[PDB]
Each structure stands twice: as C-alpha cells, then as structure tokens.
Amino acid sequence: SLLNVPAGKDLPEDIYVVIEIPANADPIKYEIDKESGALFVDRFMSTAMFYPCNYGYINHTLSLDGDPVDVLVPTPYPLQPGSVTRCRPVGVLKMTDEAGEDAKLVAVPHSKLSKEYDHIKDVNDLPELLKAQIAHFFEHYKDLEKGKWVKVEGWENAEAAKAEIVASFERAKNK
C-alpha cells in the first residue's frame, strides 16, 4: 500500500513524497485516505486555480492540521497521482488554515532522478516567479470555500524545511 512507503531513505535530506495532485491539473483536490491507502476526492475546488507544482505529502509524518506534512515538488512534467518521488527539501512556505497550522514544504527531485534541480540548494535558488505563484495560490485557492481559509506567513529556508520534516516525523511516531 501507499501506506507502507517510508518517509525517506535518509530524513530529512532524502525524502519520499507521495503525490496526490499533479502540477497544472484540473481542480480536483485528491487526498490519500489513511486507512485504505486509496486516493479519495476531497473536493472539487471552487476557484479557477491550479497547483503550481505537484502536491503531496511525506508518509509517516503528522502536521497540526491532522494530516501528514505537505510538500510541493517541481518537476519537468506532471506526476501521476499516487506515485512516489524521491526528493530533497529546499524551503518552506509557512501558513495556517482552518484545520490548523499547515506548512507547505518545497522539495526538488533528488539528484539520482535528475541533475536538473541540483543547482537549487536553498530557498533563494527557487525562481522568484515560482515562489510568488505558490504564495498567491495558497493565499487565494480557498477564497470561494466557506469555512476554509488561509493565513500565508512567508518563506523560510532549507534548514527550516528540514526541521519541519524532523519534527513531523517525531510527531506521528508517538502519535
């Protein structure tokens, strides 16, 4: 099952991300169901927005929104929902939503998958346009869903991302 995938080969620098939503896809918000491992439709998004990157989570982690910690993974081509990608964290967008605090990690494909992202070492190496698109997306994607809301609080660096990974891996572990 997708429930039995590790958090990573060597957390926090070498992680696996389970993809739920491909980059640039139709506005279907899929989420993996914890007990079955199946991809469920969480909702049909109301705004005419798309995720700027592939979107998923790190297995065996727990955030403060009651879900595994969330990751954006830029790739040259969109990934399949339910697939798993080896990546390296490079930054994090801090934010809270209606279900609790809910950081959005950015992790790039691992060097072994591709050399394309090897030059992205830290958050300042991400394209400004991409970071700005990601922030705008999270600021606005819930604008038409009553009872769903966001506070975006800014970008933090790879060490912050890594600290989040470690802390979420510790959370699910005695939870």
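Only the largest set of C-alpha atoms that superpose within 1.5 Å between the two forms is called the rigid core. Residue numbers run from 1 along the displayed sequence.
* Higher-deviation stretch (C-alpha RMS, rigid core fit) in 4 other deposited structures of this protein, choosing from 116-124 and 63-71 -> It is 63-71 that deviates more in 4 other deposited structures of this protein.
* Going by root mean square C-alpha distance after a core fit, say whether 166-174 or 4-12 is farther from the shown form in 4 other deposited structures of this protein. => Of 166-174 and 4-12, the stretch deviating more in 4 other deposited structures of this protein is 166-174.
* Out of 91-99 and 70-78, which one has CA B-factors that are higher on average in the deposited record? -> The stretch with the larger mean CA B-factor is 91-99.
* Between 37-45 and 58-66, point out the one with the higher average CA B-factor as the PDB entry records it. => Between 58-66 and 37-45, it is 58-66 that shows the higher mean C-alpha B-factor.
* Per the PDB entry, maximal CA B factor within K29, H136, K146, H110 -> Result of the comparison over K29, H136, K146, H110: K146.
* Record-listed C-alpha B factor of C53: chain third -> As the PDB entry reports it, the C-alpha B-factor of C53 lands in the lowest third of its chain.
* Taking the entry's C-alpha B-factors for this chain, is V166 in the lowest, middle or highest third? -> Answer is highest: the recorded C-alpha B-factor places it there.
* Ordered by C-alpha B-factor within the chain, which third holds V152? Give me lowest, middle or highest, please. => Highest third.
* **Position of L11 among the chain's modelled residues by C-alpha B-factor, lowest, middle or highest third** => According to the entry, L11 has a C-alpha B-factor in the chain's highest third.
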